[PDB]
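Heads up: the protein sequence lines correspond to chains C, B, S, F, A and Y, in order.
The opening position of the first sequence corresponds to residue 2 in full-length UniProt numbering, with each subsequent residue numbered one higher.
The opening position of the second sequence corresponds to residue 1 in full-length UniProt numbering, with each subsequent residue numbered one higher.
The opening position of the third sequence corresponds to residue 1 in full-length UniProt numbering, with each subsequent residue numbered one higher.
The opening position of the fourth sequence corresponds to residue 145 in full-length UniProt numbering, with each subsequent residue numbered one higher.
Mapping of the fifth sequence onto full-length UniProt numbering: residues 2 to 74, 85 to 96, 130 to 261, in sequence order.
The opening position of the sixth sequence corresponds to residue 1 in full-length UniProt numbering, with each subsequent residue numbered one higher.
For each residue, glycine too, the CB sits at the ideal point set by N, CA and C.
Everything on this sheet refers to the single structure shown next.
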Amino acid sequence: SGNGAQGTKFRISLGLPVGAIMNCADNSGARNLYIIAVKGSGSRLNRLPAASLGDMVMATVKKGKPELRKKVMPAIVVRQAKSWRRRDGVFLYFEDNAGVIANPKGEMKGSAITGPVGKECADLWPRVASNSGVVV
Amino acid sequence: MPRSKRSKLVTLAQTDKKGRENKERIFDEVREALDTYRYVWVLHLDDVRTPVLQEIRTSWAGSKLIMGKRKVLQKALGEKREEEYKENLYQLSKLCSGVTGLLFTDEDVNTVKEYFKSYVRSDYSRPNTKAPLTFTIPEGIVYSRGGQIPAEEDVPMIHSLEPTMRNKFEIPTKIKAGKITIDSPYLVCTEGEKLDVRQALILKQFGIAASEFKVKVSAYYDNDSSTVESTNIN
Amino acid sequence: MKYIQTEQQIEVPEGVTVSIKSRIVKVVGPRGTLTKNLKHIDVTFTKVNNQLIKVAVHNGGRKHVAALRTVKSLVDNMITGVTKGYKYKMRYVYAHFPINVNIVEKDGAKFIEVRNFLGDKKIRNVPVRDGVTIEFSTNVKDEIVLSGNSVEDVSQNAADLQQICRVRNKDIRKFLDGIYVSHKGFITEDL
Amino acid sequence: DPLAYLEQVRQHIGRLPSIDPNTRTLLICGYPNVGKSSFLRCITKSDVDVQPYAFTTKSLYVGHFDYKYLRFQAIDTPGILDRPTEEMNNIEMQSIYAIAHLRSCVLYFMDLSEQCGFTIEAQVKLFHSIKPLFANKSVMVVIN
Amino acid sequence: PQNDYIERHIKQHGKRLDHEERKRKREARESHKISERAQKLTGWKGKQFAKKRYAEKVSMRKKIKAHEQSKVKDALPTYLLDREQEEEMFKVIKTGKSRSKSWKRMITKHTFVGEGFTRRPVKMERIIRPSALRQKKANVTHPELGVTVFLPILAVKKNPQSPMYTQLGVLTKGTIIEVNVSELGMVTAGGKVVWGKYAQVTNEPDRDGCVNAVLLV
Amino acid sequence: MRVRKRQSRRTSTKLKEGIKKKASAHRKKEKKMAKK
RNA sequence: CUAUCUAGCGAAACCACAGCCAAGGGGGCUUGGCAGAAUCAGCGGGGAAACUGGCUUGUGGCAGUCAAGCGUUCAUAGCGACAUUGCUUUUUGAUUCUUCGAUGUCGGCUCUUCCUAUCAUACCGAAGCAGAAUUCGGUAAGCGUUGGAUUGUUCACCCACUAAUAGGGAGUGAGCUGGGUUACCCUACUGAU
RNA sequence: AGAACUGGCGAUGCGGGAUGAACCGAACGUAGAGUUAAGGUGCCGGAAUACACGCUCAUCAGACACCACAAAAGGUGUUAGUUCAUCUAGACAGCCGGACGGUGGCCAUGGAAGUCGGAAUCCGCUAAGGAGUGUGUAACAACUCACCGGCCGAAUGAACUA
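In structure tokens:
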């Protein structure tokens with residue numbers, strides 16, 4: 002979470018383990034992300050560290066630019082593609098699963114965003130909400 | 001009480017204990033003094049200063065001023081009529097009650113009895129006494145003299161001594177920056193009251209020899225007359 | 001060395017009266033009364049007459065007789081605590097944050113209430129024991145006075161009170177602030 | 145022994161102040177007991193005692209301040225005596241190497257005053273001994 | 002920070018209200034508490050506490066001794092100047141799948157090997173000399189001037205309890221050894237240079253890998 | 001509290017007869033030394 | 001589908017006796033804890049290779065310096081504690097593919113439970129501990145202690161996360177890895193009359 | 001470890017040792033009565049909660065066979081001793097006073113004044129007061145012992161053993 006990361010986190014569904022490739026929505030030139038780790042987890046015997054929306058994750062890049070590929074960096078989840086629950090009653094999900102990059106203090110690296118983003122993520126984090134064109 | 005005793009503090013100091021050798025030494029030495037000198041004076045001196053005694057001794061070298069422990073001085077003088085170096089000494093061994101102290105002269109009586117009335121110094125309260133002044137300490141910065149001299153030239157008191165002022169001296173002493181301050185004025189004492197030990201100590205801490213010092217005497221003996229004399233002069 | 005008989009003297013003054021059944025004491029004087037059980041201590045008491053009472057032990061071990069001297073001094077402390085009464089004086093010093101100190105009564109509880117400690121919001125209450133009274137200092141800044149007959153109650157209450165402000169995890173040489181005792185006197189002044 | 149010596153230097157280095165020498169700084173050097181403590185107090189929240197004795201300040205004291213929407217540091221020296229420039233105590237030596245190293249203005253706290261009652265010949269010969277190290281220093285005297 | 006800052010705060014404020022009383026009282030309480038620890042500390046801590054307490058005691062005994070002591074009242088040349096002073133004792137170890145091809149013996153003890161070893165092949169060898177347990181150096185002390193110098197072995201002439209351990213080179217107690225003297229550099233009659241002397245070892249190599257030897261003088 | 005394990009005070013015979021045999025070894029060593 | 005129950009048919013293996021547990025005795029005896037008729041279904045833990053002698057633990061050897069004391073005497077006839085000087089494979093935060101020829105076995109994953117000598121978590125003490133953070137030390141084992149990549153000699157590992165990613169016993173001599181030399185009887189347990 | 005002698009066990013039961021290859025006692029036909037060994041006598045368990053001198057009170061004592069291994073010692077727990085020291089010509093505890101002058105002794109330093117620190121160990125008056133234990137301020141100052149002396153009057157203290 003760290004400096005900048007605002008608020009608390011509600012319990013949302015933990016769809017994405019480590020090692021699920023997802024797309025990237027910013028205008029850095031990075032195409033896709035590959036998670037290697039999640040931050041702020043617990044631990045349970047032979048659990049995988051599970052990722053969700055609204056989470057700041059340690060993750061590498063596979064396709065993209067040569068400068069940013071294949072090195073671990075902080076990333077926010079924005080799109081799940083597995084069904085989660087709102088507290089105002091509805092269940093929902095996106096077409097495909099997606100996350101963006103940013104620094105450890107939560108500040109955005111790119112200058113744009115594609116596609117819709119998570120409401121809880123944009124509420125929890127300022128800067129994706131600053132760079133967000135689309136939410137829900 | 002073989003165990004669970006106190007441990008008395010051991011050190012490596014230089015001075016060692018005297019014992020009976022010095023006791024009997026001074027005993028025989030005053031007994032040597034007795035036949036040698038002629039005029040004998042018993043000196044009650046309760047408050048005493050080392051430089052005052054040395055001042056008196058270097059004033060009068062033809063005299064000899066001796067001090068030592070009381071009961072051995074009574075011994076060497078002789079306490080009974082039955083045991084005494086010379087006669088008519090037991091009766092004046094009775095009276096010598098206070099801190100004594102003794103002199104062996106051959107000079108006149110008149111010169112000394114006027115000397116010790118002329119001889120006056122300045123000393124401290126030494127309580128169970130009066131001190132001929134009162135002291136209010138003002139509700140400001142506190143100083144080494146305690147309001148005696150002007151406030152420009154007195155030096156404020158050191159920040160080391162203040163917890164002693166809070167503990168021993170019973171006084172509220174509150175610490176602003178590096179000098180020391182008080183919030184209410186503090187009167188320490190009045191005239192015409194017997195000074196207490198904390199009162200004596202605070203005037204000591206201010207460093208005030210406000211009390212007069214003069215020695216009294218009670219009596220006199222002469223060897224050649226072999227007669228006792230009683231004189232209360234202060 | 002198994003001392004056979006040990007003994008001490010305690011001095012009753014003219015004003016005060018004392019009633020001792022078996023190992024119970026009551027001590028009554030002008031300021032009031034006190035009581036104390038001493039059944040755990042296994043000694044003997046005796047009057048001779050009315051200004052002096054004798055405590056004693058027969059067949060004493062070291063522990064037994066050290067207890068004898070102790071019990072004398074305890075009873076003397078009670079005697080002083082009636083005829084004089086005891087009086088303990090504290091001050092509550094701060095660098096940045098003034099204490100708000102108060103007295104309250106919750107169903108007759110006589111709690112002592114401190115706030116603004118080190119910029120806290122916390123209320124801390126301390127009880128008052130029976131038999132002891134408070135006064136905040138009139139015409140003296142940042143000072144409180146306690147007075148009572150039970151010396152043990154007084155000291156326990158104030159020792160509690162400075163034990164409350166045991167400021168924690170912080171360098172004592174810097175945080176000189178706290179509430180502490182100025183001195184332990186009697187009430188009287190004169191005597 | 146050397147580890148305990150290093151324990152003491154650990155302690156002292158932790159007590160050392162924080163300086164970036166690269167940045168906009170104002171060295172303040174003067175004679176002892178001239179009113180530098182009053183000066184730094186009046187510009188800056190730093191309560192150094194003003195008391196009239198020889199070695200009052202023993203090490204390098206900082207006060208940060210601001211003017212015209214800028215940030216400045218002000219670095220006052222413990223004060224200097226002659227010790228004439230051949231061999232010297234480390235206090236004046238670190239003051240000298242501070243003059244030597246830090247690239248910012250230097251300020252002389254002159255006492256054209258009745259106080260600081262060392263004589264003006266002492267003051268000016270001290271100044272004359274520190275003339276050669278005023279090469280590139282942007283020296284600025286002020287009378288107090 | 003930045004300064005003699007706590008000392009400054011002490012100078013300006015007095016280091017607490019109640020510090021002196023507590024320090025006094027603590028050193029009062031230490032008498033009882035040290036003995037409480039002397040009776041408590043079930044295990045290893047009574048040991049260290051006692052050892053430590055014995056040490057401070059004996060040092061205070063030295064203090065009184067040196068106080069009383071205060072109270073009561085080498086022909087070397089120049090170039091050496093400026094120096095600071130079978131059926132038993134054998135386990136048949138059957139090797140291979142079919143345990144009848146034993147053929148094997150192992151040395152489990154230290155040895156000096158010499159400069160050139162020219163180690164024989166595997167099939168003809170019977171005894172196995174491992175690699176680690178090979179001392180080139182040993183500490184030789186001098187009886188005179190008690191100087192400890194860390195010098196090489198050249199050879200082992202004598203080994204007790206066998207003529208075999210002589211040639212093998214085992215370095216146990218009782219083994220006399222051919223020791224270099226190169227840095228000491230004594231001038232003998234004729235002005236020769238010494239390269240070999242005799243030393244007697246005084247410690248087991250197994251219990252410690254150091255090898256102390258007294259130089260035979 | 002959690003009141004922890006004790007050692008016994010039980011006899012545990014092997015240690016008794018080990019003590020006796022050890023004792024005789026000690027006294028034997030004493031006699032071997034005692035001529036000096 | 002069996003397992004289960006019922007109508008009918010109907011064996012065998014195996015069997016000294018039979019059975020409740022801990023410590024002790026260099027399954028039964030001794031001392032103790034409990035045990036209430038008779039019994040059903042699951043169960044897989046059992047069923048005529050690990051202290052010589054209180055083993056083991058944190059503090060080198062050898063030669064010296066004091067010697068507390070010991071030697072019934074001797075101090076160097078002689079012992080001798082605690083300390084302390086003596087280098088110990090490269091003295092200036094210069095620095096070796098020392099994991100290189102060991103034919104030797106040891107290395108690894110789920111789950112119980114225990115100990116504490118605590119890695120965090122709780123409370124405390126001292127530390128130049130301004131604070132935040134952090135080092136030592138005390139009580140304390142109630143709870144907790146992660147996911148991956150890896151072998152002609154991984155050797156001890158890196159990667160990250162986590163408040164932390166502490167240590168050992170009794171363990172699979174029943175499943176798995178190497179260059180590799182009648183679990184059907186009763187027992188107790190869990191459920192049930 | 002090796003020898004030499006001797007005794008036990010082996011072929012052998014019984015009492016006690018809580019139980020038992022090695023311990024302690026003990027000459028095995030069946031029965032009665034009596035007395036005892038070694039071991040024990042709070043209850044199990046037959047026998048005195050016997051008598052008597054002492055010491056011990058463990059925050060997991062000990063009930064041990066013993067010299068024996070951790071072991072030499074620590075310990076303000078406790079009892080008894082030994083050897084020394086002090087004293088109503090005033091012991092120890094304490095409370096009170098003095099605790100000085102040359103002197104701020106020499107370098108040493110920015111500052112060093114009995115105490116940042118190196119080395120010196122004086123005399124003077126002295127009842128006694130160090131070229132000076134310990135807190136100490138930047139130095140100085142102030143306070144305390146070690147040393148004497150005033151009040152009290154009574155035995156006390158160092159070391160060592162067990």
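8 angstroms CB neighbourhood of residue i in its chain, flanking five on each side removed
i: residue 168/B; result: 198, 201
i: residue 144/B; result: 154, 155, 156, 157, 206, 207
i: residue 128/C; result: 5, 103, 107, 108, 109
i: residue 162/F; result: 206
i: residue 190/F; result: 184, 205, 206, 207
i: residue 194/B; result: 127, 128, 129, 130
Whole-Å CB distance - residue i paired with residue j, under 8 angstroms assumed
i: residue 137/B; j: residue 156/B; result: Going by Cβ atoms, the distance from residue 137/B to residue 156/B rounds to 13 angstroms, so no, they are not a contact pair.
i: residue 87/B; j: residue 132/B; result: Actually they are not in contact, since the Cβ atoms of residue 87/B and residue 132/B sit about 44 angstroms apart, beyond 8 angstroms.
i: residue 34/S; j: residue 81/S; result: 7 angstroms
i: residue 244/A; j: residue 191/A; result: About 16 angstroms; that fails the 8 angstroms criterion.
i: residue 102/B; j: residue 66/B; result: 5 angstroms
i: residue 185/S; j: residue 87/S; result: 5 angstroms
i: residue 95/B; j: residue 218/B; result: 6 angstroms
Own chain, CB closer than 7 angstroms to residue i, minus 5 neighbours either side, in chain order
i: residue 10/C; result: 55, 125
Neighbour list for residue i in chain A, Cβ cutoff strictly below 7 angstroms
i: residue 175/B; result: 14, 15
Cβ shell of residue i (< 6 angstroms), same chain only, five flanking positions each side left out
i: residue 97/B; result: none
i: residue 28/S; result: 17
i: residue 20/S; result: 45
i: residue 202/F; result: 222
Chain-ordered chain A contacts of residue i [CB-CB under 8 angstroms]
i: residue 162/B; result: 15
Contacts that residue i makes with chain B (C-beta to C-beta distance below 8 angstroms)
i: residue 21/A; result: 163, 167
Proximal residues of chain A, C-beta to C-beta of residue i below 9 angstroms
i: residue 161/S; result: Neighbours of residue 161/S on chain A: none; closest Cβ ~13 angstroms, over 9 angstroms.
Within chain S, partners of residue i - CB distance below 9 angstroms
i: residue 7/A; result: 171, 173, 174
i: residue 184/B; result: 139, 140, 141
Neighbour list for residue i in chain B, Cβ cutoff strictly below 9 angstroms
i: residue 62/S; result: 1, 4
Interface partners of residue i on chain F, CB under 8 angstroms
i: residue 4/A; result: 159, 161, 203, 205
Touching or not, the stretch 247-256 of chain A and the stretch 13-24 of chain Y, by the rule of three or more beta carbon pairs under 8 angstroms? They do not touch, by the three-pair rule.
For the pair the stretch 175-184 of chain S and the stretch 88-101 of chain S, tell me if three or more CB-CB distances fall below 8 angstroms. Cβ pair count under 8 angstroms is three or more, so yes.
Any contact of the stretch 212-225 of chain A with the stretch 87-95 of chain A, i.e. 3+ C-beta pairs under 8 angstroms? Segments in contact, no.
Is the stretch 109-123 of chain C in contact with the stretch 76-93 of chain C, if contact means three or more CB pairs nearer than 8 angstroms? Enough Cβ pairs lie closer than 8 angstroms, so yes.
Please give me, in chain order, every unbroken run of the beta strand (DSSP E) with length at least 3 that falls completely inside the stretch 197-235 of chain F. Fully enclosed beta strand (DSSP E) runs of 3 or longer: 205-211, 214-220.
Please specify which runs of the beta strand (DSSP E), each continuous and at least 3 residues long, are wholly inside the stretch 79-154 of chain B, giving them in chain order. If only uninterrupted beta strand (DSSP E) runs of at least 3 residues are considered, those enclosed by the stretch 79-154 of chain B are 102-105, 121-123.
Would you call the stretch 223-238 of chain F in contact with the stretch 145-165 of chain F, where contact means no fewer than 3 C-beta pairs closer than 8 angstroms? Touching, no, given that fewer than three Cβ pairs across the two stretches are closer than 8 angstroms.
Flag this pair as touching only if the stretch 27-38 of chain C and the stretch 58-76 of chain C have three or more C-beta atom pairs under 8 angstroms; answer yes or no. By the C-beta criterion, the stretch 27-38 of chain C is judged to be in contact with the stretch 58-76 of chain C, since at least 3 inter-stretch pairs fall below 8 angstroms.
Do the stretch 47-59 of chain S and the stretch 145-163 of chain S touch if we need at least three Cβ pairs shorter than 8 angstroms? When C-beta atoms of the stretch 47-59 of chain S are compared with those of the stretch 145-163 of chain S, fewer than three pairs fall below 8 angstroms, so the two segments do not count as touching.
Do the stretch 135-142 of chain S and the stretch 59-74 of chain S touch if we need at least three Cβ pairs shorter than 8 angstroms? Touching, no, given that fewer than three Cβ pairs across the two stretches are closer than 8 angstroms.
I want to know whether the stretch 161-168 of chain A touches the stretch 182-200 of chain A - three or more CB-CB distances under 8 angstroms. At 8 angstroms Cβ cutoff, the stretches do not touch.
Suppose only complete runs of 4+ residues qualify. What are the alpha helix (DSSP H) ranges in the stretch 176-247 of chain A, listed by chain order? As far as the stretch 176-247 of chain A is concerned, its whole alpha helix (DSSP H) runs of at least 4 residues are 208-212.
Pair every Cβ in the stretch 10-27 of chain C with every Cβ in the stretch 95-102 of chain C, then say whether three or more of these pairs are closer than 8 angstroms. Taking one beta carbon from each stretch, the stretch 10-27 of chain C and the stretch 95-102 of chain C have 3 or more pairs nearer than 8 angstroms; the two touch.
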